[PDB]
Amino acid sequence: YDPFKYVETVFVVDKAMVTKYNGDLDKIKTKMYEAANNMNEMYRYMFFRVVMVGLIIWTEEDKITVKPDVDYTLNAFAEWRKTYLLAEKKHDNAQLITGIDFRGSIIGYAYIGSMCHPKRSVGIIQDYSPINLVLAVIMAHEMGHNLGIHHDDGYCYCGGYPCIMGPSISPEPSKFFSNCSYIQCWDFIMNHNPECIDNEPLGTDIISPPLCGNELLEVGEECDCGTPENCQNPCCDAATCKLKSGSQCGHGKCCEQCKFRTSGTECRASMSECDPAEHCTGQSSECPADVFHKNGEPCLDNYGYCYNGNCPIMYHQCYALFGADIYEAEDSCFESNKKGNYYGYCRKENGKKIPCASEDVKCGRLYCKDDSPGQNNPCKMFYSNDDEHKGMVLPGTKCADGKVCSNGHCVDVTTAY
């Protein structure tokens, strides 16, 4: 079990910023590298890493309309990030850093509980102070909200210091999250499972200048276990980020007791028959990159087709939602998906619930035959306005012979992928 999470962050600097600093892009980049490193230190206490995988500076033009209206600007940045940035760069989170003055007293604005969401995993931050720590606190705070953390109240504690998630910025702010923030962060991890922050980024993914002792393995380093004081890695000389004599390795899934694990030691368990396991090579400290079998390949005694390492099937989705003895419902149940009502639809289009056509009914809301003693329901579904997508048939689910669900359509498996 890897205890740490990793937020792969792209930072976007607007034209107003460029202007504010008189076109001095080196000064801007350095401020951003420092800010990201301060964030990293803040988040460490919560078993989190903040990692700069991108730095975009809008010197020619802004790619959105940056407005004092934080709602317009948060949303405009969120849209661009989803449809343009996510297509050019693999990352978990994006922050906009602006030289403009937001309307009112606001210096930071971010969606709550959004980490990993294609659109909503973004924050916007006004460059409010030349003190790098102050700016880093605002950036940490807004990413806090992405992490389903709300503002500190009551007895939330982080030493004597002012905590990062206090609703107002402190004159002399600290690097410390509160106990409430830690709890809410990991409760959000538990509850909503943001899977994009699980992976440890490659050194070649990190675009900030390598720094020995930030606990991030970067280009030019053999190991990194943090500061000499915090280092609990016997393979690693903390000060120099060099392997100690005798050490073959000091990092990775295929490193044990400073030695390469032997050939064929499992380093990534197979999550299904569509996901081949990966094993240590013997000649490297790193588990090979994750391989899946081809999407659309028949699986689970011809009950499914492969979709990204899994075999999504109706019975298992009923099982996950409702428990051991719940089976696939009869075809008739799925006719409720023609309703276009609160639960009965195939997909959404700008928030509007689109009813299923006859050929697509099995790709909307899932229905299950529930024979629970005294609470029988032949067409049991799950609906909660907390997450309207929970209980919807999963992408890649077999909906007929030779057909899978794709965007709430039952489509030919051959041309689906």
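One rule holds for the numbers: they count along the sequence shown, beginning at 1.
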Quiz item: Looking at the deposited entry, does 380-388 or 37-45 carry the larger mean Cα B-factor?
Solution: 37-45
Quiz prompt | 85-93 versus 309-317 - greater average Cα B-factor per the deposited record | solution = 85-93
Quiz prompt | Among 333, 131, 269, 254 - the residue whose C-alpha B-factor is largest in the record | solution = 131
Quiz item: Looking at 280, 180, 277, 100, which has the biggest Cα B factor in the entry?
Solution: 180
Quiz prompt | Relative C-alpha B-factor of residue 263, binned into the chain's lowest, middle or highest third | solution = lowest
Quiz prompt | Chain-wide C-alpha B factor ranking for residue 220, given as lowest, middle or highest third | solution = middle
Quiz item: Sorting the chain's CA B-factors, does residue 72 end up in the lowest, middle or highest third?
Solution: middle
Self-check item: Among modelled residues of the same chain, the CA temperature factor third for residue 109
Solution: middle
Practice problem: Sorting the chain's modelled residues by C-alpha B-factor, tell me whether residue 292 ends up in the lowest, middle or highest third. | Solution: middle
